[PDB]
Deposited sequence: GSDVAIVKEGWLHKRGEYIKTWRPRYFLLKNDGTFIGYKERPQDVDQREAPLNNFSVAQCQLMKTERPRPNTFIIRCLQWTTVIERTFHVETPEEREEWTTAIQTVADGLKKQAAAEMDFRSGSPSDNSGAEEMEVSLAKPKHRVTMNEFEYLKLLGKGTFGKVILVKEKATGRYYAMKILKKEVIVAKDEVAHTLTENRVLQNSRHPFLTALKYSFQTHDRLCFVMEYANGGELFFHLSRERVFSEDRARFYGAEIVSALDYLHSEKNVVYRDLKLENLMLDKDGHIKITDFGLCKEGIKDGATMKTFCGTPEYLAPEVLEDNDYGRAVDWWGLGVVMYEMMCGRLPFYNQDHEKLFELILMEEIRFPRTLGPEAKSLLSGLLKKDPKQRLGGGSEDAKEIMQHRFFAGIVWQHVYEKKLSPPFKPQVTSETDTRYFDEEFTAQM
């Protein structure tokens, strides 16, 4: 039943380097809209690429004959921006896309929270750190412009409340109080292989759930998006917002090659991210770094990952598999997805059900007495 509805060449604005690039796109009747560097030869679809419930806008800026697909995916507004040669072409694409979307169709208030800190500002909203007044618990509140618009896992930040104001949509997410992983790593310089295995196993369990139950690629796996809860278990965060980049969106050192290249991508992107995070945990340094962005892009796309003489053979095997440039050769990039990593000898002896059930005790216990303990927000202790 799944068929191609429309296909052809488009100019897509790049997601991280914001330049125009020719990509061959397939629109299919299951909602997927996916672009390739070349016309493909041709498996559960990924929501990332779905046009279901998206809004189509035609614009003449920055460039004439542009059209934008804007979607709310979980709690983040994403935009994909396209150009074609003629307005007649644009009309053909937008009506095809809109027809596909259509065919898919078939009290807490702000007064309850104390504002603490601005965490982030984006094009369509902001994210603030808040404390619920009645419990003293900490939350990240995503506050999105209404016009432009929770299955629990132990290691994902839970969406706790959602509500709207007259012109905003608010998403209230649990905020781990066990400290940022970048803070713990920099304090300790480097983690043992055992400690990295513990955190890596929890991330794998969370990514397996996202890929296989929710059919979504996280795409943002980086050390900055990892926190510890009060007991020392991992929380992958959902605090992001789309930004217009700085004159390039954000920072490149964590991005998978195929994402950097605005190529087709899939679940393998998250295994690259797992490799970047685990490489830094066990080596104490990012895998690729250079002040020059041109040099950094070429490092990520072309330079062979090097390892310290410190690293064991199991860890080198894991990291070199996770950091393969070609996602088709990358560990976890085959149809078994996460099971390829769960079965790797680096994780030998890990009982994966005990990972999910938190039966393995964290190697490091953050210095807090409860979920309301402010230690990792106290300026004095954060240095």
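Stretches of the deposited sequence absent from the structure, as judged by C-alpha coordinates, are 1 to 2, 45 to 48, 113 to 143, 187 to 203, 302 to 308, 445 to 446.
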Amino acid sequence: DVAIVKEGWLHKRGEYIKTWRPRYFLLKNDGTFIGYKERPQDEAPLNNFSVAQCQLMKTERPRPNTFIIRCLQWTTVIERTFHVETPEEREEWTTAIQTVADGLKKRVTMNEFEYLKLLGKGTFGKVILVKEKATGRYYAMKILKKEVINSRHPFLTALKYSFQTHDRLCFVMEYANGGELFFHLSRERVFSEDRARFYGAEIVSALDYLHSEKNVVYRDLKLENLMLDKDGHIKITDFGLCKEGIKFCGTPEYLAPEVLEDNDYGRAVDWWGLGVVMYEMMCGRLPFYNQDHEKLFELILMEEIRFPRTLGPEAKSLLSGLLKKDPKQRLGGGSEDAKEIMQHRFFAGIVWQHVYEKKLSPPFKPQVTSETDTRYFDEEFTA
From here on, numbers count along this sequence of modelled residues.
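Between two forms, the rigid core is the largest collection of C-alphas that superpose within 1.5 Å.
After a core fit, the C-alpha atoms in 8 other deposited structures of this protein lie farther on average from the shown form in one of 310 to 318 and 51 to 59, namely 51 to 59. In 8 other deposited structures of this protein, superposed on the rigid core, the segment with the larger root-mean-square CA displacement between 166 to 174 and 215 to 223 is 166 to 174.
Of the other structures of this protein that model both sides of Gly136, every one gives it coordinates; not a third omit it. Compared with other PDB entries of the same protein, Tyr199 is present in all of those that resolve the residues around it, none of them, let alone a third, dropping it.
For the two regions 209 to 217 and 86 to 94, the entry's Cα B-factors average higher over 86 to 94.
Note on 128 to 136 vs 269 to 277: mean CA B-factor is higher in 128 to 136. Highest C-alpha temperature factor among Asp231, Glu202, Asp102, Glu180 per the entry: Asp102.
Across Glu224, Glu298, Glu174, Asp238, the entry's maximum B-factor at the CA atom is seen for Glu298. Sort the chain's modelled residues by C-alpha temperature factor and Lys243 lands in the highest third, per the entry. Per-chain ranking of the deposited C-alpha B factor places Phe33 in the middle third. In the PDB entry, a CA B factor belonging to the highest third of its chain's modelled residues is recorded for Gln291. Sort the chain's modelled residues by C-alpha temperature factor and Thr109 lands in the highest third, per the entry.
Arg375: CA B factor lies in the middle third for its chain, per the PDB record.
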